[PDB]
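Single chain ahead, by itself, as structure tokens, in the form deposited in one PDB entry.
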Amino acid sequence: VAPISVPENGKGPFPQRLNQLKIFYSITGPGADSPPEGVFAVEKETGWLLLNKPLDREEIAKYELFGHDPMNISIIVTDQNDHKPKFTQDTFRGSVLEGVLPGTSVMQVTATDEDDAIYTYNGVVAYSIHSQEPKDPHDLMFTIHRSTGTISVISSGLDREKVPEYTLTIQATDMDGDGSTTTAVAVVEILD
């Protein structure tokens, strides 16, 4: 019995048929007779294996049950994008000497997403800079690496006398840029 993929948060309705087993039929393991109990069941005469409730991947990502030659049953729970990204802090801070060459790493911001970042992009965060103030000696003096969140400086006019500090409104966007966006602030200090 090849593993069974079941998207979390399904509509159904329930109870809901998964795969028929090919002589009375009964199923066992963590999910059926062991806790969490009664999540999966089986029509004893027809053998249709059943799901009784919508699943929550974050709670339980898979199951290993047994049909009754003991048939192995693997239930893999595929992800849905039911968690929004959140920066770990409201304000991030970092600094550089004014003489740093373009490319210099200022800081690394981070946003968390409880969804799956292995097989899907639902937990994959895309970073971007919303805006910069002040815009002196010009705008877009900093980049943020899309996946690492490393803020770098790419300008050459860093002058503490003129501008001792830059505030960056930054963004974190799940589904690797296509999904929900959250916002935080990164304050760059030009060191004396």
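All residue numbers are counted from 1 along the displayed sequence.
A.B. asks: How big is the unmodelled gap, if any, between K22 and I23 relative to the deposited sequence? Choose none, 1 to 3, 4 to 9, or 10 or more.
C.D. replies: Count of unmodelled residues in between: 4 to 9.
A.B. asks: Per the entry, how many residues of the deposited chain go unmodelled between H68 and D69: none, 1 to 3, 4 to 9, or 10 or more?
C.D. replies: The entry has 10 or more unmodelled residues between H68 and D69.
A.B. asks: On average, are the C-alpha B-factors higher in 43-51 or in 138-146?
C.D. replies: Taking the mean C-alpha B-factor of 43-51 and of 138-146, the larger value falls to 43-51.
A.B. asks: Test of understanding: from the entry's C-alpha B-factors, which stretch has the higher mean, 74-82 or 110-118?
C.D. replies: Between 110-118 and 74-82, it is 74-82 that shows the higher mean C-alpha B-factor.
A.B. asks: Select one of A186, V6, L191, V1: the residue whose C-alpha shows the highest B-factor in the crystal structure entry.
C.D. replies: By C-alpha B-factor in the record, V1 ranks first.
A.B. asks: If you compare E58, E165, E64, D159, which has the highest Cα B-factor in the entry?
C.D. replies: So the option with the highest C-alpha B-factor is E64.
A.B. asks: Relative to the other modelled residues of the same chain, rank the CA B-factor of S26 and answer lowest, middle or highest third.
C.D. replies: Its C-alpha B-factor belongs to the highest third of this chain's values.
A.B. asks: Within this chain, which third does the Cα B-factor at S155 fall in: lowest, middle or highest?
C.D. replies: Tercile = middle for this residue's CA B-factor.
What comes next is about the form deposited in another entry, which is not displayed.
A.B. asks: Among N81, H138, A61, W48, determine the one positioned at a hinge; one rigid segment of the chain turns relative to another between this form and the one not shown.
C.D. replies: Checking each of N81, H138, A61, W48, the hinge one is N81.
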